[PDB]
Amino acid sequence: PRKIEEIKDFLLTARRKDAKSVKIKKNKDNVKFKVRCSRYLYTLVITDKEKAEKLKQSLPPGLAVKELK
Amino acid sequence: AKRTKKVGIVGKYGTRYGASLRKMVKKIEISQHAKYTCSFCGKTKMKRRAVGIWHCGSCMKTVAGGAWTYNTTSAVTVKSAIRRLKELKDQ
Amino acid sequence: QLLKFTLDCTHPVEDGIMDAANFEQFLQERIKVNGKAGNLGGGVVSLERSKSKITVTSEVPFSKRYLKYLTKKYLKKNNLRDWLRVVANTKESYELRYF
RNA sequence: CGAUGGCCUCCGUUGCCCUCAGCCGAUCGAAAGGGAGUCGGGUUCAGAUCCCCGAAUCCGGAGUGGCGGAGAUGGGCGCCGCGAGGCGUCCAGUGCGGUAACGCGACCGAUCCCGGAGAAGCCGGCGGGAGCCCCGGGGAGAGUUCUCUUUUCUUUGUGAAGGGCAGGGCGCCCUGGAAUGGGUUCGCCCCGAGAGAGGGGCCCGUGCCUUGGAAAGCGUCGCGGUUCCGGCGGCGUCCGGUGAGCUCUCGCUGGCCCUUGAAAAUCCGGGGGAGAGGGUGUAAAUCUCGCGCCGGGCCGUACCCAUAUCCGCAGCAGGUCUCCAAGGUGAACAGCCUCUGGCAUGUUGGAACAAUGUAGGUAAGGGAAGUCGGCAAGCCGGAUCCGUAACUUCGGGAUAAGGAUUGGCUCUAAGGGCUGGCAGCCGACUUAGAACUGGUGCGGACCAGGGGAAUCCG
Ligand SMILES: [Mg+2]
Ligand SMILES: [Mg+2]
Ligand SMILES: [Mg+2]
Ligand SMILES: [Mg+2]
Ligand SMILES: [Mg+2]
Ligand SMILES: [Mg+2]
Ligand SMILES: [Mg+2]
Ligand SMILES: [Mg+2]
Ligand SMILES: [Mg+2]
Ligand SMILES: [Mg+2]
Ligand SMILES: [Mg+2]
Ligand SMILES: [Mg+2]
Ligand SMILES: [Mg+2]
Ligand SMILES: [Mg+2]
Ligand SMILES: [Mg+2]
Ligand SMILES: [Mg+2]
Ligand SMILES: [Zn+2]
C-alpha cells in the first residue's frame with residue numbers, strides 16, 4: 001500500500017490505464033479514497049468533508065467507483 | 001587482602017596434580033597470560049592469541065614468538081649472532 | 001464533571017412481583033462512598049425516583065458495575081435471580097428483563 | 001571473409017579465419033549445514049502459509065523495448081527586439097552537494113586484477129527490545145450473596161511490505177589540546193598514535209505512529225431467513241505502573257585452549273580504462289530510478305508420532321530425535337495443590353477381610369545382646385547467628401566436630417526514583433530490632449548430609 005499526501009497526484013494515478021477501481025470509505029473524521037492499481041493500492045486520506053465530496057465528481061467517468069456501506 | 005599465601009594463579013587447580021607440577025606451571029601460566037609492551041606502538045597490549053601468536057590490541061600487529069613468552073632466549077641470541085654475521089660478511 | 005446512571009425495572013413492576021420502593025431505600029442505605037455507607041456520604045451522590053426509573057447522579061468517580069452489583073444483590077436477597085436478569089440497554093443504563 | 005531473413009537500413013542466424021585463456025579435475029554426497037522470494041481473515045466430515053477473499057513479494061523474459069525521469073541542455077561572440085524573448089557562428093556538457101564522516105532517484109564502460117558477504121568455538125557478566133506473568137482502575141458478560149465483600153472470574157487487537165519517529169551501537173568525522181591527571185564500568189577499560197567538552201555522520205531499528213485497517217476479528221444485546229444464510233443491526237475493543245521476575249532475541253565486553261572452533265554454490269563492491277555518442281539537436285550511446293506487460297514446469301503434502309497407528313511374534317510397565325511451557329509455596333524447570341487442555345485408573349467386575357505373601361507404618365523396657373558382616377530400617381537434614389581439631393601437596397580438611405534460634409500478630413528503623421542541604425509526588429522488594437501471644441509449637445505437609453578414630457589399595 002502507498003499513501004498519497006497531496007491532492008493532485010492522486011488524480012494523476014487515478015487516470016492511469018492500469019487503475020482498476022476506486023472505493024470510497026467514509027468513517028468518522030476521515031474520508032479515504034482507495035484506488036486499486038496493478039502493483040499497489042493507493043490511499044488518499046482527507047480530514048475535512050467538503051474537499052471529499054467536491055472531489056467525488058472529479059474522478060474520471062470511465063473508472064469504477066464503489067462506496068463502502 | 002592477600003587471598004593466598006604462596007599459591008598464585010594455579011590456585012584454580014585445587015589440590016590436584018602435585019605441588020611440584022603446580023609450581024612448575026605457575027610461572028608459565030603467569031607469563032602466558034601477562035600483557036606485554038608492544039615494541040611498535042608502545043602500548044601495553046601485546047596479548048597471546050594462540051601458541052606463538054602475539055597480537056596487539058590497538059596496534060593491530062601480530063608477531064610470531066615463543067609458546068609461553070613473547071620472546072625466547074634462543075631467538076634473541078640467534079638474532080644478535082645473525083646481525084653480527086651480516087655486518088661481518090660485508091664489513 | 002458529571003456522572004449519571006439509570007435503572008429500568010419497568011417489566012417486573014408492571015408484571016407485579018416487586019416494587020421500586022424497596023429498591024430505592026436499598027440503594028440509599030447500602031451505597032457506600034469512600035467505603036462509608038452512611039447517608040450517601042453526604043449529598044455528594046444524589047438519588048431520584050421516576051416512574052420505575054431509578055436515576056443516580058454524582059461527581060465523584062462512580063461505577064456502573066457498582067450499580068449492577070447492587071441490583072444483583074437485591075435480586076438475590078428478594079429471590080428474583082432465577083426470573084430476572086440485569087443487562088445494559090446503552091451506556092449509563094441498566095434494565096431488568098426475563099429469560 | 002562468405003550466406004540468409006526481416007521496410008535487406010540495422011540487427012539476428014550461422015559457416016571459416018584472426019585474436020583472447022589455468023584448472024583442481026566427469027559425476028554423486030545433507031527433507032537438521034549454505035540456499036532470493038507470503039502474510040492476514042474466512043472456509044471442510046476429513047486439506048490449508050496450498051482452496052476463496054485481500055494485501056504483497058522474488059527470479060526470469062521481451063525486434064520495434066511500453067512509458068516517464070536522469071544522461072540535458074549552458075556559455076561566448078555578431079545580431080534582432082525597449083525589454084521579455086527570438087535568430088546566425090564558435091566552445092563545453094558520460095550528474096550534483098558536504099571541510100569531513102558521507103548524502104542525493106539514476107548517474108556509460110570489456111578482457112583482467114583485488115576484496116567482501118556466504119563464513120563460524122565454548123563459557124561468563126551486563127544492557128536494550130518483545131512475549132508472558134504482576135499491580136491500580138474504566139467497560140461487557142458471568143459466579144457468591146444464611147452474614148460480609150465499590151466483590152471473584154473471563155475478555156478488553158492488528159499481519160507481511162513501504163514511510164516516519166523513538167530507542168540501541170559505532171575501533172566514524174570536525175574544532176581544540178589535557179598533570180593538580182582526567183573520563184568511565186557490575187568488572188574492566190580509554191587517552192598527545194589526541195582524553196574530557198561541543199557539533200555532526202553511519203548502521204540496526206523485530207518497538208511506536210501511519211498506509212494495510214475496520215470494511216475484517218472478537219466480546220456482548222436484539223432482530224431476521226419459521227431454514228437453505230462470510231444475514232442484518234446497535235454498543236465496546238479504554239487509561240495507567242512496575243519488577244535482580246521467566247523465555248526468546250539484539251548488542252557490548254571479558255575469560256579458556258600444547259582444543260583456535262568447515263567448504264562450495266551464489267551475490268556484491270572496488271582498481272583499471274580497452275571501447276561506444278553527438279556536434280548543439282527530434283540530441284545520441286547508456287541507465288542498479290518510478291510505473292507498466294508476460295511466466296514460474298516436476299515430486300512430497302491425509303493421519304499416528306506413543307502406557308493402542310513405530311521396533312520388540314501383541315493394544316508388551318522396555319526402547320525411540322525435537323519445539324511451545326500459566327498461578328501459589330518455595331533458592332529452584334525440586335516436591336505438593338490448582339487454571340487452559342486432556343483423561344476414566346491402564347486387557348474385567350461383585351462379595352467378603354482367614355492363613356501365607358508383596359508394599360507401607362507404629363511399638364513398653366533394653367539398645368546390635370541378632371548376623372559372616374548394623375544387611376535392612378532408623379538417626380541427621382533447610383536457613384540465620386556462634387564455633388570448628390589432627391593432618392596437609394598450604395589449595396584443603398569443612399556443612400569438620402559441637403551449640404542456639406525458627407510460628408502468628410502489631411510496630412519501628414535502614415536501604416530509592418521524578419519534578420520545582422529543601423519542598424512536593426511516586427515506588428519495589430528486602431534486612432535488622434522490639435512488644436504481645438499460643439497446652440514449648442513453629443525448615444509443623446513437601447523438599448532435605450548420621451558422625452568420629454584408624455588400617456589396606458588405587
Ligand atoms: Mg548433488
Ligand atoms: Mg538441504
Ligand atoms: Mg571524546
Ligand atoms: Mg466492526
Ligand atoms: Mg499434516
Ligand atoms: Mg486401581
Ligand atoms: Mg476400569
Ligand atoms: Mg494399554
Ligand atoms: Mg495389569
Ligand atoms: Mg521399642
Ligand atoms: Mg522408648
Ligand atoms: Mg550369636
Ligand atoms: Mg544401609
Ligand atoms: Mg575428617
Ligand atoms: Mg602400615
Ligand atoms: Mg580410582
Ligand atoms: Zn602495537
# chains A, B, ... in the order shown; residues from 1 in each chain; ligands from 1
>>> residues_near_ligand(ligand="ligand 3", cutoff="8 Å", atoms="only C-alpha atoms (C1' of nucleotides) and all ligand atoms", output="PDB file with C-alpha atoms (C1' of nucleotides), in the first residue's frame")
ATOM      1  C1'   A D 195      41.056  12.223  26.739  1.00  0.00           C
ATOM      2  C1'   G D 196      37.180  15.195  28.557  1.00  0.00           C
ATOM      3  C1'   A D 197      33.632  19.414  26.201  1.00  0.00           C
TER       4        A D 197
END
>>> residues_near_ligand(ligand="ligand 8", cutoff="7 Å", atoms="only C-alpha atoms (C1' of nucleotides) and all ligand atoms", output="PyMOL selection string")
chain D and resi 307-308+315+346
>>> residues_near_ligand(ligand="ligand 7", cutoff="12 Å", atoms="only C-alpha atoms (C1' of nucleotides) and all ligand atoms", output="ChimeraX atom specification")
/D:344-349
>>> interface_residues(of="chain D", to="chain B", cutoff="8 Å", atoms="only C-alpha atoms (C1' of nucleotides)", output="VMD selection string")
chain D and resid 193 258 260 393 to 396
>>> interface_residues(of="chain D", to="chain C", cutoff="7 Å", atoms="only C-alpha atoms (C1' of nucleotides)", output="list in words")
residues 145, 150 and 235 of chain D
>>> write_last_selection(atoms="N, CA and C atoms (P, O5', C5', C4', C3', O3' and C1' of nucleotides)", output="PDB file, in the first residue's frame")
ATOM      1  P     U D 145     -25.454 -18.125  47.163  1.00  0.00           P
ATOM      2  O5'   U D 145     -25.602 -16.726  47.905  1.00  0.00           O
ATOM      3  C5'   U D 145     -24.981 -16.496  49.160  1.00  0.00           C
ATOM      4  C4'   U D 145     -25.014 -15.036  49.525  1.00  0.00           C
ATOM      5  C3'   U D 145     -26.385 -14.381  49.500  1.00  0.00           C
ATOM      6  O3'   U D 145     -27.124 -14.614  50.684  1.00  0.00           O
ATOM      7  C1'   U D 145     -24.838 -13.017  48.350  1.00  0.00           C
ATOM      8  P     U D 150     -16.890  -3.533  49.263  1.00  0.00           P
ATOM      9  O5'   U D 150     -16.470  -3.238  47.758  1.00  0.00           O
ATOM     10  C5'   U D 150     -17.212  -3.773  46.675  1.00  0.00           C
ATOM     11  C4'   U D 150     -17.282  -2.787  45.542  1.00  0.00           C
ATOM     12  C3'   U D 150     -15.964  -2.504  44.841  1.00  0.00           C
ATOM     13  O3'   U D 150     -15.669  -3.460  43.843  1.00  0.00           O
ATOM     14  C1'   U D 150     -17.050  -0.466  45.361  1.00  0.00           C
ATOM     15  P     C D 235     -24.575   2.898  18.014  1.00  0.00           P
ATOM     16  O5'   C D 235     -23.911   2.992  19.450  1.00  0.00           O
ATOM     17  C5'   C D 235     -22.646   2.404  19.682  1.00  0.00           C
ATOM     18  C4'   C D 235     -22.611   1.651  20.983  1.00  0.00           C
ATOM     19  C3'   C D 235     -21.224   1.237  21.431  1.00  0.00           C
ATOM     20  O3'   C D 235     -20.539   2.288  22.080  1.00  0.00           O
ATOM     21  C1'   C D 235     -22.670  -0.616  21.582  1.00  0.00           C
TER      22        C D 235
END
>>> residues_around(residues="residue 91 of chain D", least_positions_apart="4", cutoff="12 Å", atoms="only C-alpha atoms (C1' of nucleotides)", output="number ranges by chain")
D: 74-77, 279-280
>>> write_last_selection(atoms="C-alpha atoms (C1' of nucleotides)", output="PDB file, in the first residue's frame")
ATOM      1  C1'   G D  74      24.969  26.156 -20.670  1.00  0.00           C
ATOM      2  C1'   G D  75      28.460  29.891 -22.021  1.00  0.00           C
ATOM      3  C1'   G D  76      30.919  33.269 -25.613  1.00  0.00           C
ATOM      4  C1'   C D  77      30.507  36.332 -29.972  1.00  0.00           C
ATOM      5  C1'   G D 279      28.043  18.062 -32.781  1.00  0.00           C
ATOM      6  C1'   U D 280      24.191  21.794 -30.401  1.00  0.00           C
TER       7        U D 280
END
